[PDB]
Every structure is written in structure tokens, then in C-alpha cells.
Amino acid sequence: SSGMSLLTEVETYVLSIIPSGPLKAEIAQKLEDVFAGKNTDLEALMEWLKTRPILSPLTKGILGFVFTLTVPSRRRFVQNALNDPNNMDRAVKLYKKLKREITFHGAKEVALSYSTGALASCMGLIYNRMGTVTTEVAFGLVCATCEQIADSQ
């Protein structure tokens, strides 16, 4: 049900944290294919991600979250990338707040007042609790995380 308006917005946030190069172009193509519904093979996408050079653990965690979110129907490296104790403790409070949000921007507004670590940890929480927030809310969190990372670059 996620329209292309939202999905293209997400593409730009996710790509903003990736260093320029042929790898980024490959990720862009894969993102486009997954978002369009032209690739539903999550296992291969996860193996591809896991074996990629250059990308930071957190970048891989974000990508893994985004793929899992957009493919119809757990992965240890994703959780490990997203999982800091103080960041984890704020993640639960944020998660509870996000459960009550509906929209992309409602979620983004709430999330942006949290640290990158807390946002990553909250993504970890949601990764193991798919369907407990709206897709827009999950994307709002991703984009808030990407915004903070890009602004620290």
C-alpha cells in the first residue's frame, strides 16, 4: 500500500548515508527493484548486504530493516548492527511513543529528538515487532536516523 511518493522519499534518505561510488549505484538499483516489487527474495538480499564491503554496520542494519519492511514475508547481523545501554533505555520510551503515531512526519518529529544510538536500538525493537507500528511510522524512524547520520558526516 506504500505509494511511490513515500518510497522515493525513503530512497533519498537511505542513500544520503552511503558514500559515493559504484556500490551506491548498485544499492540504488536494488532499492528501486525492492520498492517497485520486482524483487521479493529477502534471503538473497540479506546475504548480499552481509557480504558487502565498505558499508558500516549501522548502514547495513538500516538497509536490512528497510528491505525487511518492504518485502512481504531474525537476521542476527541486522540486530547486531542496530543494537549503548543508555541508548537502549530511551529506545523503549521512543518505541511506545511511535506505537501511538500514524504518519511519517509524526514519527520523524518524535524521533529527531533522540540520539542516533537510541534510534538504531528502537529500529532493533521494531525489527523483532513487525506490524506494531505503521509502515509510515517505521519509515519516519529510518529517515530520522539517516538525517542524523548524514548531518554528522
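Note that residue numbering follows the sequence shown and begins at 1.
Coordinates are lacking for 4 to 9 deposited residues between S73 and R74.
Going from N83 to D84, you skip over 1 to 3 residues of the deposited sequence that the entry leaves unmodelled. Looking at mean Cα B-factors across 1-9 and 144-152, the upper value is held by 1-9. Checked against the record, the higher mean CA B factor of 20-28 and 135-143 lies with 20-28. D33: CA B factor in the highest third of modelled residues in this chain (values from the PDB entry). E101: CA B factor lies in the lowest third for its chain, per the PDB record. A118: CA B factor lies in the lowest third for its chain, per the PDB record. Ranked by C-alpha B-factor against the other modelled residues of its chain, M88 falls in the highest third. Sort the modelled residues of the chain by CA B factor and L42 lands in the highest third.
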